[PDB]
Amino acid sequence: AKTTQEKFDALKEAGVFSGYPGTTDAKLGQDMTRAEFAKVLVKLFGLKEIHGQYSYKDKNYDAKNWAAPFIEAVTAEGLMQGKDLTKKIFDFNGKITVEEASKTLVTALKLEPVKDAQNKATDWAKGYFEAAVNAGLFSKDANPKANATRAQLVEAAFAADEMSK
């Protein structure tokens, strides 16, 4: 029965998550940018970084932005598409929510969204969130609309990696 900290240690050693300078603090109560999560997903599923392509219009989404290869890589993979197709905003500094994370992971694992699912998640996300709860990636008592904590993301990422194999 591994702890969240032991799961983090494992994922860090595998380069999927990172820690923080000068400390052993994995900061498991803190949250994570959608940019950082994109990089998590790339490391977790072994995707190819995509350089010199920019599919979004956010301020400072350009070549000087370290996250673009990652965000592009998950966009090409179909795991993420940003918050508005018309204006092409990804929101890379915005924090990843439990239901957003649920979408990326169910899709990556090729699990089926639950049609007509009922739960506290935003309408677009109810099927993904329910599917993630069922697979054990988050607890049914998690707030789907909340920023996901690192801990929650470690546990989701660890479970996902195990299913993946």
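Take the two forms, superpose them, and find the largest set of C-alpha atoms that agree within 1.5 Å; that set is the rigid core. Sequential numbering from 1, following the sequence displayed.
Root-mean-square C-alpha deviation from the shown form, taken over all structures in 5 other deposited structures of this protein superposed by the rigid core, is larger for 22-30 than for the alternative among 22-30 and 124-132. Taking 152-160 and 12-20 in turn, the stretch whose Cα atoms are more displaced from the shown form in 5 other deposited structures of this protein following rigid core superposition is 12-20. Higher average CA B factor: 112-120, of the stretches 112-120 and 59-67. When the mean C-alpha temperature factors of 91-99 and 75-83 are read from the deposited coordinates, 75-83 comes out higher.
Looking at the C-alpha B-factors along this chain, the one for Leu41 belongs to the lowest third. Residue-level temperature factors show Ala35 in the lowest third of its chain, judged at the C-alpha atom. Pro144: CA B factor lies in the lowest third for its chain, per the PDB record. Per the deposited record, the Cα B-factor of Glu155 falls in the lowest third when ranked against the other modelled residues of its chain. Sort the modelled residues of the chain by CA B factor and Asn134 lands in the highest third.
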